[PDB]
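Written out below as structure tokens is the structure these notes cover.
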Amino acid sequence: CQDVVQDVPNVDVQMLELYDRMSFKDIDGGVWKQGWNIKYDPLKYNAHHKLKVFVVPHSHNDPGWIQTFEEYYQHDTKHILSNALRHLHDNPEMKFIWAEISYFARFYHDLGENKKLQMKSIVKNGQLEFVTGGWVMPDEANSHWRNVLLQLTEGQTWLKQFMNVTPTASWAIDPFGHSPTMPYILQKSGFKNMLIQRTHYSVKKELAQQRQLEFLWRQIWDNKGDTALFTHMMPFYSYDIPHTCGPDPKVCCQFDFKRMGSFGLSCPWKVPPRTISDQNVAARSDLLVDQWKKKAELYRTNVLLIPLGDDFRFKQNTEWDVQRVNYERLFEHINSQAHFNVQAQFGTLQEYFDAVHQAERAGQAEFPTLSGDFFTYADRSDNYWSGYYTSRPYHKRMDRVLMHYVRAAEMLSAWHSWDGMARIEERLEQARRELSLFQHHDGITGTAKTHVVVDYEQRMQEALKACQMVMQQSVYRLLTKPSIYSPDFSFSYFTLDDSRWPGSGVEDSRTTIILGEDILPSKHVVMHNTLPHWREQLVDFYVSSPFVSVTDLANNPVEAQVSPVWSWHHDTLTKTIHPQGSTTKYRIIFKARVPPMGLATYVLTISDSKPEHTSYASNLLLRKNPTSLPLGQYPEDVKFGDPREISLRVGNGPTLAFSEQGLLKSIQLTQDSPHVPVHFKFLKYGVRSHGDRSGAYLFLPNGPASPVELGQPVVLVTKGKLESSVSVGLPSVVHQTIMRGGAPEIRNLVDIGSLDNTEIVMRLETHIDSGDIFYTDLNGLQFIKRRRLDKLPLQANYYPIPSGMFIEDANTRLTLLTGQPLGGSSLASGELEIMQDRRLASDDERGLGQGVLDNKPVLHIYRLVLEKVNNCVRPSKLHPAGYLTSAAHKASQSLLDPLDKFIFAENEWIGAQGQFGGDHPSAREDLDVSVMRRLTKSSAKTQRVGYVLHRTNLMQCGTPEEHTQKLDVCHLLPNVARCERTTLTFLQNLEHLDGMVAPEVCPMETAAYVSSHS
Ligand SMILES: [O-]S([O-])([O-])O[C@@H](CO)[C@H](O)C[S@+]1C[C@@H](O)[C@H](O)[C@H]1CO
Ligand SMILES: *[C@@H]1O[C@H](CO)[C@@H](O)[C@H](O)[C@H]1NC(C)=O
Ligand SMILES: [Zn+2]
């Protein structure tokens, strides 16, 4: 295994180092506004060395943006695909590339058999070529790598089954900045090449000057280069025709033949295209070839890529004709005029890359190596696209909830083969496709119109219901004696209980377990643990009495804590935000211990008085002018006091101190240690009153944030043996710090209300001497070093926080893990900050045509880990990566993949068993079974199950290793007949494994395996 910590890779271009050296000046470059006047030597190409030009027709089809997926399909995409089929069928030399398989599958399934056969023929013959082949072209900033892989697999599995092709070239022309997680996944999925477009204009200028727009993109920790993927970065401001033929858009616009008038389009540079004729073709070719030769100067081979397309293009038959015929007249002239020394033709993306590599193998070019990312993007001036790291945060959080539900449903149902009548494959395909759709770069990014966001939300709600159905049917089968198991596949044997989604204060969605002497004495509950190691976690349920005790199925008592159910209300009469307690529902909390990838059953029983093994939390309301808070049968009366500082400690965990406003002020790790200053603060950013306005995409603050005025907020303190917490009702946020014995959990119920042109940020202030360095993750896969640059504006220093961020000095680190992707930064030494929500009245001029005024309450979740790191073996000062500690990684897993909780719905569960998975190996803590998916339906004689195994890399800080068993996923199911290592999409077998054993993977590596069973 390569060492991912101690060896700094030697690359030609390292983006953090490049950023430190670049000046980012926004100077007027002439017709190429963000470049320079390109010069070329006419003698470079000649009879023996021609410029080969591939014009690649394309149509960018967003799966929802300004219209829903179905609206665009009916109004635009079905016509584009129908006319592409007709035009390509009738014109053998014409080509076209297609990226979004969600639309292609929606079209293909509605085609009659004759047309399906025609479509297969134009794909098999190379006229229509799929690029990437994912369900969507995903966002790369907020998306979790697991979902990037899910959507890639959904599209490529469809293509392999119906079109018999698997793309090896990727096309990503629209995500708003680019992540190295893409080449990581693509290279492990059989890809050989990829293309990107939206990178900072200063980066395009810098790389173009050095002819470094094509590079071998490797991961930041990869010393050897085995992760490298050839990448082509486009050079110009857009993927539209005016910015793809060459440097001067006023010229290139004249070669978009859809802009002459009858189509409702024109050239903003005020010179229109003119139909090519024998009388103007020589002058028109002179102009076009000059643009091509200038673009070719920015690259190293004699093969040039000229994309020809835009949003929802190639819709009308007349458009296909006007583009094709005019370009064919130009090719016939150009290719017959020896003085140009050019051979131009329509081509596909793969044809371009194959020709580039032929040139490379002939020794005509060598390419530079590069590591790093391409965030934060700016397309012009100071317009940095860091707003979408937070926009529509409710749906960003929903993404992570559904991510976990899809994994748990696929894993729980994989253990058995299911009859078709159970509809398991049907529900899982629906859930995978809705979650995959939301990965679109106008989905999770929060950049779609309001009614489109509603459509994505409704699709994800249906997907969550599908996952619940599959999970509860699977639990009933896994934990019932087989000769008693009697399923009705439409029945709800269990209901899921989720304490953090939608969340208290967001939706009253949780069911209360109703117990009573005259109705039902007890109730079975079951926890599922999707992670491959034994895990304990506190779990809570609502119950109708405070006198409840817990037992396991061997009837052993389990220690439990009962607390009240508190709900916060913005009281419009008293004008205060304060909590109300229930006098008939209570929370019972206990530690569940669950096997690796397994299940554990417990029983909740009512008694007429306080049970021996259940304790009750005390509650203290700190506020001036208190009023009583009765809690029914709850045995401890609520206490009151004026606001004051308070300190709490659960178990042997840290001691946390809080200000009189209910906000953390310090953390003391052990009995003797210092109370380390760590303070939470909420602030607000505004919008500029002149100049460019923030919107869904852009963050354009009117200066540093201002503190939210807190008034004298009401603070609720709950102190229990198993769980304690401090909650405070602040303007727009009920902020809660929860302690269970380790790093605290933070929950914010964020309701920005009607505060227009406001972005609410949560900041942590410490005295850690971090300087200008901080770390943020990329897609939940890796942590990258960031350097705050005071030569760039505030919004350029914001980065995506898809799952966590940290600051550190020689001795101390503070890590904030998140349960949802949000934007954040470290704007000063010792600080971390993360945006909670943003409400913006204005459109930001990127085509959305609206502000962001559809905010709704969202419950954000976090874990806050303060640690000593002076003993940790960390990368050297020049290494571009960082790595979590064991505690921080476990805290992130507690947010993203918590235990699932199931409540038995009927009165009696006949044949119930106490546990499933007790014999499953408990793997080392850095290893995860990211995906477990049965790949065959029940009629297949040879069943196949796919696994994606990922090992992260955790710092070595002095804790002895201990235990753990080797995990061989190929032997998790019985009767294994074969084990194969495959691409990550499961579509190609790469290695037949000796002894049917699937080896574990190295740190930072991900592998896929398929076991076959007879
Ligand atoms: O013409 S528009 O639609 O206003 O904007 C463009 C060219 O002007 C963009 O390239 C359309 S892209 C399409 C959509 O996926 C992105 O949200 C948009 C960000 O701007
Ligand atoms: C699928 O494509 C392969 C080549 O990639 C070809 O040999 C095969 O016949 C095609 N159809 C089948 C058999 O699946
Ligand atoms: Zn797009």
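Start at 1 and go down the list; that is how both ligands and their atoms are numbered. Below, each value reflects all heavy atoms present in this structure, side chains not excepted, and no hydrogens, waters or symmetry copies. One-based numbering along the sequence shown.
Close approach of ligand 1 to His441 (heavy-atom distance below 4.0 Å) involves ligand atoms 15 (O). If you number the atoms of ligand 1 from 1 as listed, the ones under 4.0 Å from a heavy atom of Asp311 come out as 11 (C), 13 (C). Those atoms of ligand 1 with a heavy atom of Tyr697 less than 4.0 angstrom away are 16 (C), 17 (O), 18 (C), 19 (C). Proximity to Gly847 (heavy-atom distance under 4.0 Å) selects the following atoms of ligand 1: 4 (O).
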Once you restrict both partners to nitrogen or oxygen, which atoms of ligand 2 have a protein partner under 3.5 Å, and how far apart are they?
residue: ligand 2; atom: 2 (O); partner: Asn164; partner atom: ND2; Å: 2.3
residue: ligand 2; atom: 11 (N); partner: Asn164; partner atom: ND2; Å: 2.9

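Checking each of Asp692, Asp379, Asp442 against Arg846 for a salt bridge (charged side-chain N to carboxylate O under 4.0 Å, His left out) leaves exactly one that passes, namely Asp379.
In terms of protein heavy atoms, atom 5 (O) of ligand 1 is closest to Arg846 O, 3.8 Å. In terms of protein heavy atoms, atom 3 (O) of ligand 1 is closest to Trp65 CH2, 3.5 Å.
Both cation-pi conditions hold for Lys116 and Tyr108: the charged atom is under 6.0 angstrom from the six-membered ring centre and inside a 45 degree cone around its axis. Taking the centre and axis of the six-membered ring of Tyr394, the NZ or CZ atom of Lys856 falls inside the cone set by 45° and 6.0 Å. Cation-pi geometry between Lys205 and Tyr201 is not satisfied (NZ or CZ under 6.0 Å from the ring centre, within 45° of the ring normal).
Separation of atoms NZ (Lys937) and CD (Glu425) is listed at 6.0 Å; rounding is to 0.5 Å. Here the CG-CZ distance, from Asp354 to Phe54, works out to 8.5 Å after rounding to the nearest 0.5 Å. Note that the CE atom of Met119 and the CG atom of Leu88 stand 8.5 Å from one another [nearest 0.5 Å].
Shown here, atom 1 (O) of ligand 1 is out of close reach of the protein: none of its heavy atoms lies under 4.0 Å off.
The shortest N or O to N or O distance between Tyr239 and ligand 1 is below 3.5 Å. Not one N or O of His440 is nearer than 3.5 Å to an N or O of ligand 1, by distance alone.
No close placement of the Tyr388 and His441 rings is indicated, their centers lying 6.0 Å or farther apart.
A 4.5 Å side-chain heavy-atom check between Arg839 and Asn757 finds every atom pair outside the cut-off.
Relative ring orientation between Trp269 and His243 is described as perpendicular, the plane-to-plane angle rising above 60° on a 0-90° scale split at 30° and 60°. Using a 30° and 60° split on the angle between ring planes, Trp98 and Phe96 fall in the tilted class, from 30° to 60°. Using bins of under 30°, 30° to 60° and over 60° for the plane-to-plane angle, the ring pair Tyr72/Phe312 lands in the parallel bin.
Not a single donor-acceptor pair under 3.5 Å links the side chain of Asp399 to the backbone N or O of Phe438. A donor-acceptor contact shorter than 3.5 Å links the side chain of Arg392 to the backbone of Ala448. Without hydrogens or angle criteria, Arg259 side chain to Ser266 main chain gives a donor-acceptor distance under 3.5 Å.
The residue from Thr445, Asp442, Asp139, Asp240 that puts a heavy atom closest to atom 15 (O) of ligand 1 is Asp442. The option from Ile173, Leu848, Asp174 that lies nearest to atom 14 (C) of ligand 1, judged by heavy atoms, is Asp174.
Within the protein, the N, O or S atoms sitting under 2.8 Å from the Zn ion (ligand 3) are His60 NE2, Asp62 OD1, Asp174 OD2, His441 NE2.
Residue-level proximity to ligand 1 for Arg198 is carried by the side chain, the only part with a heavy atom below 4.0 angstrom.
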